[PDB]
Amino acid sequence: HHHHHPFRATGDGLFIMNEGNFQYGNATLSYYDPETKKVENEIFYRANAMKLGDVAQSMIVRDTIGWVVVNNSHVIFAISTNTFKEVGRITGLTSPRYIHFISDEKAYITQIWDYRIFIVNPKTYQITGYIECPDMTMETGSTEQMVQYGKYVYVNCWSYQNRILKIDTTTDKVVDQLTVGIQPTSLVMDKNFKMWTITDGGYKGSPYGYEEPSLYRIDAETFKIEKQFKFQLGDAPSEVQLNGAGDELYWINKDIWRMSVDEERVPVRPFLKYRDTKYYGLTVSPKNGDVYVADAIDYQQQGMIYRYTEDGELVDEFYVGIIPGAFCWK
């Protein structure tokens, strides 16, 4: 007829969630093919004729449907992973963080500025319940990333909290907790069924705290801490990630750092050196073993991704949205 055929996502590509400026409404989604090395920006806007919203935080792909969590627009959009077109949405979310699917019929949505985890039925798009976290307020509340062991979801508590919680999905109740250093940022489960989390500093002039941050290996069966790796005061680490095998752990602390999940010690040498910039998100390809590093670079201008081989040679670098912070494989 007339207009050029719409953009489609063929193949085993990569969504990049760009946070945008908080309060400025300029969050965007990007898509990248590793084979083609072509990035498409603003795919949500261009597909739906509608701005993504305000702090685009995270994403999960589930049977060709992508669940994109817009933290500060109080929403999660279901999109086609082929078309990027909205197929449905979940609204009325305090300030969502991450979504974890127990089943098709039930998922948990963590929140900041709330003491509850929301329970939804993804097939109806409806809230089904709430999970009251102990010793938590609406004023300082924070749930974040999740992993499942058996019948249990574990979840780290970040902004002005110092805990990992343990939830029985049979009852949807918190049944156990573990205190760690302040503001654990992230959580992953390795091939040995050990969780890893890394704290940030707090910040200079926090009313909650400012201490030395730490990486923790934790057994999933027994919920006990096995190691701790303490770093410098004024470090502010973030975004722990695993490779596809779950035997190589990576995190951000000025540089990108890498450690085999086996072995008792933090390597001397990073995976990738500091650049007087703000490395901010991170992922590993489950096909290639390749490492993508999201640079926010000053948090103002258009950000960049940097792609490296498992063995540390630069493959590609490409411009995305403002403050890229998270990835999701298709």
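Quick note: we count residues from 1 along the sequence shown, nothing fancier.
In this entry, 228 to 236 shows the higher mean Cα temperature factor of the pair 173 to 181 and 228 to 236. Look at the C-alpha B-factors of 137 to 145 and of 200 to 208. On average they run higher in 200 to 208. As recorded in the PDB entry, 301 shows the highest C-alpha B-factor of the residues 283, 58, 301, 30. As recorded in the PDB entry, 260 shows the highest C-alpha B-factor of the residues 121, 159, 260, 111. Among the modelled residues of its chain, residue 71 has a C-alpha B-factor that falls in the lowest third according to the deposited record. Ranked by Cα temperature factor within the chain, residue 319 sits in the highest third according to the deposited record. The deposited CA B-factor of residue 191 belongs to the middle third of values across its chain.
Residue 77: CA B factor lies in the lowest third for its chain, per the PDB record.
Per the deposited record, the Cα B-factor of residue 266 falls in the highest third when ranked against the other modelled residues of its chain.
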